Amino acid sequence: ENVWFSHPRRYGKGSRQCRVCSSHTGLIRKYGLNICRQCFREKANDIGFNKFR
Amino acid sequence: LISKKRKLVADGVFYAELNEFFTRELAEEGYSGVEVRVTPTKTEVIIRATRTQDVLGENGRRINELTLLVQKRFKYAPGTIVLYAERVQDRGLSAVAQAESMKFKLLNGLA
Amino acid sequence: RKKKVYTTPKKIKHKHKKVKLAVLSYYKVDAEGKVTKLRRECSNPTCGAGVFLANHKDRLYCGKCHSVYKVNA
Amino acid sequence: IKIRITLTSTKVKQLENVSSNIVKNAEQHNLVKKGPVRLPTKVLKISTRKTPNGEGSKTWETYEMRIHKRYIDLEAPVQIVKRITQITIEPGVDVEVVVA
Amino acid sequence: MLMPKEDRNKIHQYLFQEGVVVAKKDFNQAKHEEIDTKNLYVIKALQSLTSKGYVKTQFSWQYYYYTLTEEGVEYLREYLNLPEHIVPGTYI
RNA sequence: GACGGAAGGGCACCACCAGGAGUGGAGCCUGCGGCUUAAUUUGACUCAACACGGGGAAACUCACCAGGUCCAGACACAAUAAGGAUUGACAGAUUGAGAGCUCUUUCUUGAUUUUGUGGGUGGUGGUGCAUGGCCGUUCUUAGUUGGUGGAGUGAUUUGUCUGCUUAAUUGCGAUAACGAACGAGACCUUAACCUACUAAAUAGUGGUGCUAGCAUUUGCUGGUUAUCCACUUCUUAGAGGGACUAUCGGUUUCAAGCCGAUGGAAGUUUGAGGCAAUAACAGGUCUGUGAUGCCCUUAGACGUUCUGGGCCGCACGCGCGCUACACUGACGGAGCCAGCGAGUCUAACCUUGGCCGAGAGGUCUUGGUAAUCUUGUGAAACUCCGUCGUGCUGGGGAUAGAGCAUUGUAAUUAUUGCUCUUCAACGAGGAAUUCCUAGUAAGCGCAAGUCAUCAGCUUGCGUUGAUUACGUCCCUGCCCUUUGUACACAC
């Protein structure tokens, strides 16, 4: 039926999902990287996000 | 066209995606590392790996599939994306390669 | 959870599993001659006379157009 | 024809040697220009809690990205800009050319 | 399942034409690019194809990459009744 | 090894000494306990839970409470089974429901197909008293371990320590030890000096025509972008150089070091951080995941979704917090300031403009992929002149009501922003406790994070900017040694 997904998801954390683990909560949207915080911690070493201070 | 900050962040996230894909499947093919060569209308991506002759596939079919995946994903004309495969001396200088080697050894059942 | 009685009545209402009935769709009988047509069909231009008209009660409805069809034939 | 070549990489040594060899090529091929205009290093700070959960002391870390930007304006012929695009190309530096 | 043969053959023909099928793990959307059929139907059909053993599956951040097999392309070819060396998906 | 209301020695504003700001007392936004129903979903409960799950939630995020479908047994077989399945279609009874899942009935692509036999998929159902990874903590202290040699039968011990300094098993040195490693230190980013080297129509310094004004008499402000020049003294990248206690005076087997005078940039490593040894907690975490060992749903499932709610419920106790309890004032009009930071391509952000207005509101592109634009962010306290003057009052802003519109197709248990109003506790707060040695305590703010909407929160930056301290082991903690022990999941 055509009313399976009637309710919108055009705002809120209904839209925003992580690009790695499909997280909805904790999604840091900044810079348009769309991954959750722990995924960012894990993948910073390999992407090139380096801790200096 | 779009902002440089978001542009290079997407560069990083695509690098992470490709590294995850490579370490997920090309691991048993002795995958060690990658580096992206950016050229006008060309994306060269290099791979120094241990099991090059078996990652290659019979007449480059697996390399063709790896290429044409991202080609069709980003509507590239065929040949614009190109990935090159080499073998580095001193294979012990690859922590990821050693990691996957003993990772497979565990599922094999060695002590 | 592990303590739930579901006081709403049992609703075992599994649909009919296609009870084997007899044969159907008799239009008309024209023995030894030209065969005529009965069970008035749809005249819609996109149809080729294949739509079983919804002859429920003094009212018809088409099948090709899934949404709107108001006729009285 | 009145083009601008800019470099927006994060590899500082590759950017430095790219700028150096491009400057050397332009000077040795006698094309008048002004020096590579250098932009302030743009720092991206992203602060994240260490703990995946909500426990532990309220500790923090700040992941930082650095961006160096350079640009040079060239008024140079079509064949020579084709030559510059096709040669003296050094990887690791995201270099793009626009017009005006 | 009850899923049209029209888009079943559409998915099969894309499988043959490319050799790999990309499917984001974004179901309940029913709007795939270039196809008006349900993307959940597409993904279920491809996953059934994998289970019967002609194409290999990868997730890779919930993106459902698929890749044809030495016997998978042969099976599709023999179903389609195509001449020898006509148009394999891994040609070059 | 642990511990001692045992000794010695060396340290710490998550300790004190003299203090400053405080909180605890008032109001009000936040989280926990308790109370409540159908629920008010759970994690954690000294430091090391309690503006913490980046948890500032309206209808997903939603893990909970009412109702509503398909079952996706992916993959093959036994039985109806083209004299045709299986989902799917228009109406009143039903349901907010224009979802036949059923009641009066008429079918378009159609062998994937119904039970079981085997097996699978999903899970924010558990188990951290199963894990990995990430943390936090032990531990912001300096400790840790081999090889060889010596000692003891052995567990083990020396190495790794008398005395001096440091923040430091930092070193000097003594010496059954010699030779090594990690931690520390080194290491890297940030801020502070260069009027010097290469570079700035994304700005000026200095000269002219357009210049206008003060004005007539010899000076200041800016615009005029293929309108003519040298440079960066103000926005910046780099072998950059430089504080290594540099020179000198005092104390020390005058060795390592410590206290003083200064051009020089600082002479507590010149500061502030990241990373951080060995071992451990049964400390957090299955709520970050198509990650798992072991139990749970396998079809009126806990599998994906729809409409309402709920996490905001309040008799009560607590925890960072913002405004306060007025004259250094409150309010009113005039003069000006920078920085960390973000910002729209197959979508529409930051918003520069004319205008209709007490304010909040309402238009098309000119600006921007961003040293050019938003943004001299003209911010706040702050400087000058003004009203009130000690009345819970012009202080304090909250509890009520009336209105105006961008948000969300949806505000309502005020979402929000303005105008009127209201004028409530609060007159610096008991026992008791948090931060602090320089641009720092604190006071003001600004940018980002979560942002459709909403900061009183957090991550950083900037403005104004203090007396206090240069000691201690007295309370609370850390390490080492000696020592006692009937402890050894270890007081």
Side-chain angles (χ1 to χ4, degrees), chain A residues 1-16 18 20-31 36-39 41-42 50-53, chain B residues 1-7, chain C residues 1 6 8 10 12-14 22-23 39 47 50-57 59-64 66-69, chain D residues 12 15-16 19 34-41 43-62 64 66 68-70, chain E residues 1-6 8 25 27-28 40 44-45 47-48 50-53 57 59 62:
Chain A
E1 83 261 27
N2 63 335
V3 303
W4 190 264
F5 251 78
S6 273
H7 198 71
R9 283 162 171 77
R10 303 182 270 273
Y11 44 56
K13 311 185 189 288
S15 296
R16 268 102 65 200
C18 161
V20 174
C21 80
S22 156
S23 189
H24 312 173
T25 43
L27 194 276
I28 168 68
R29 334 193 289 151
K30 172 166 203 200
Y31 300 130
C36 61
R37 316 153 317 110
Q38 321 104 355
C39 279
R41 295 285 330 285
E42 288 172 7
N50 308 313
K51 217 198 323 288
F52 307 91
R53 287 174 318 135
Chain B
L1 200 139
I2 61 155
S3 180
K4 255 80 168 203
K5 322 307 151 297
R6 149 64 196 61
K7 137 172 146 189
Chain C
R1 307 298 207 184
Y6 277 151
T8 57
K10 175 59 71 154
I12 39 155
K13 294 212 95 167
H14 162 263
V23 86
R39 276 280 181 192
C47 314
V51 171
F52 264 103
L53 266 200
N55 202 353
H56 182 5
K57 39 173 200 55
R59 165 160 202 129
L60 283 310
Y61 164 75
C62 176
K64 213 92 188 79
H66 220 98
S67 279
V68 179
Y69 208 74
Chain D
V12 86
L15 181 89
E16 273 293 327
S19 282
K34 72 205 313 194
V37 201
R38 268 164 171 117
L39 279 311
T41 56
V43 268
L44 328 172
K45 170 256 290 182
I46 306 85
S47 147
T48 308
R49 291 262 272 123
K50 306 281 269 275
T51 169
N53 46 50
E55 214 54 40
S57 58
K58 299 157 189 216
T59 193
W60 283 98
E61 63 81 24
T62 67
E64 293 275 11
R66 315 224 145 169
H68 324 73
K69 159 165 216 61
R70 328 287 208 81
Chain E
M1 73 282 291
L2 292 324
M3 170 308 306
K5 260 274 195 280
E6 291 87 338
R8 168 98 262 193
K25 196 171 179 291
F27 27 71
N28 289 90
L40 31 91
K44 288 300 151 150
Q47 162 233 29
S48 152
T50 66
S51 55
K52 63 192 62 209
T57 308
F59 309 106
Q62 326 309 312

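Both backbone and side-chain heavy atoms feed into the values below; hydrogens, waters and symmetry mates do not. Every chain is numbered from 1, with letters handed out A, B, ... down the list of sequences.
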| Salt-bridge criterion met for D/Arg38 and D/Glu16 (N-O under 4.0 Å) | yes
| request: Identify which nucleotide among F/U459, F/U190, F/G449 has an atom closest to any side-chain atom of D/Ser47, counting heavy atoms from C-beta outward. | output: F/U459
| For F/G149, which nucleotide is its Watson-Crick or G-U wobble mate, given both distances must be under 3.5 Å? | F/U158
| Donor-acceptor pair under 3.5 Å: do we get one between D/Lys45's side chain and the base of F/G460? | no
| field | Closest listed nucleotide, where the reference is the side chain of D/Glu16 and the choices are F/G288, F/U109, F/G238 | value | F/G238
| task | Using a 3.5 Å upper limit on both distances, decide if F/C193 and F/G241 constitute a Watson-Crick or G-U wobble pair. | result | yes
N/O contacts under 3.5 Å, protein versus nucleotides 48-52 of chain F?
from	atom 1	to	atom 2	distance (Å)
F/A49	OP1	D/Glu55	OE2	2.8
F/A49	OP1	D/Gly56	N	3.3
F/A49	OP2	D/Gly56	O	3.4
F/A49	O5'	D/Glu55	OE2	3.2
F/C52	OP1	D/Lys58	NZ	2.3
F/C52	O5'	D/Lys58	NZ	3.3
F/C52	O2'	D/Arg49	NH2	2.9
F/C52	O2'	D/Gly54	O	2.6
F/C52	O2	D/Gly54	O	3.4

| Taking the side chain of E/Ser48 as its heavy atoms from C-beta onward, which of F/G284, F/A74, F/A410 lies nearest to it? | F/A74
| query | Taking the P atom of each, how far is F/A26 from F/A380, in whole Å? | reply | 34 Å
| task | Quote, to the nearest angstrom, the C1' distance that separates F/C311 from F/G43. | result | 15 Å
| query | With respect to the side chain of A/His7, which nucleotide from F/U459, F/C306, F/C90 is positioned closest? | reply | F/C306
| Watson-Crick or G-U wobble, both distances under 3.5 Å: is that what F/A431 and F/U387 have going on? | no
| query | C1' atom, F/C478 versus F/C14: distance in rounded Å? | reply | 13 Å
| said: As a test of reading the structure: which of F/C340, F/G300, F/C451 is closest to the side chain of C/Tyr6, going by heavy atoms? | reply: F/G300
| field | Residue C/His56, side-chain atoms from C-beta onward, closest of F/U105, F/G343, F/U304 | value | F/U105
| query | Looking only at atom P, what distance separates F/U464 and F/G439, rounded to whole Å? | reply | 15 Å
| query | Is a donor-acceptor contact shorter than 3.5 angstrom present between the side chain of C/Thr8 and the base of F/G300? | reply | yes
| said: Is F/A203 base-paired with F/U232, counting Watson-Crick or G-U wobble geometry with both distances under 3.5 Å? | reply: yes
| Nearest listed nucleotide, side chain of E/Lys5, among F/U61, F/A111, F/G460 | F/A111
| request: Write down the distance separating the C1' atoms in F/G84 and F/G88, rounded off to the nearest Å. | output: 16 Å
| query | With distance as the sole criterion, do the side chain of C/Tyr69 and the base of F/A89 form a donor-acceptor contact below 3.5 Å? | reply | no
| query | If the P atom of F/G395 is compared with that of F/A59, how far apart are they to the nearest Å? | reply | 40 Å
| query | Looking at F/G403, is it paired to F/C418 in the Watson-Crick or G-U wobble sense, both distances under 3.5 Å? | reply | yes
| message | Quick check for you: among F/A99, F/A301, F/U106, whose closest atom lies nearest to any side-chain atom of C/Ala54? | response | F/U106
| message | So if I take every side-chain heavy atom of C/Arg1 and compare against F/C64, F/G83, F/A201, which nucleotide ends up nearest? | response | F/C64
| request: From the options F/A74, F/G288, F/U87, select the nucleotide whose nearest atom is closest to the side chain of D/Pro52. | output: F/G288
Protein-nucleotides 369-376 of chain F N/O pairs under 3.5 Å:
from	atom 1	to	atom 2	distance (Å)
F/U369	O2'	B/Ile2	O	2.2
F/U369	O2'	B/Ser3	N	3.3
F/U369	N3	B/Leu1	O	3.3
F/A370	OP1	B/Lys4	NZ	2.3
F/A371	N6	D/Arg38	O	3.4

| task | May I ask which nucleotide in the shown strands pairs with F/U247, Watson-Crick or G-U wobble, both distances under 3.5 Å? | result | F/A261
| request: Rounded to the nearest 0.5 Å, what's the gap from CG on A/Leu27 to CZ on A/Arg16? Could you check? | output: 7.5 Å
| field | Contact under 4.0 Å: A/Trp4 side-chain N or O vs F/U305 OP1/OP2 | value | no
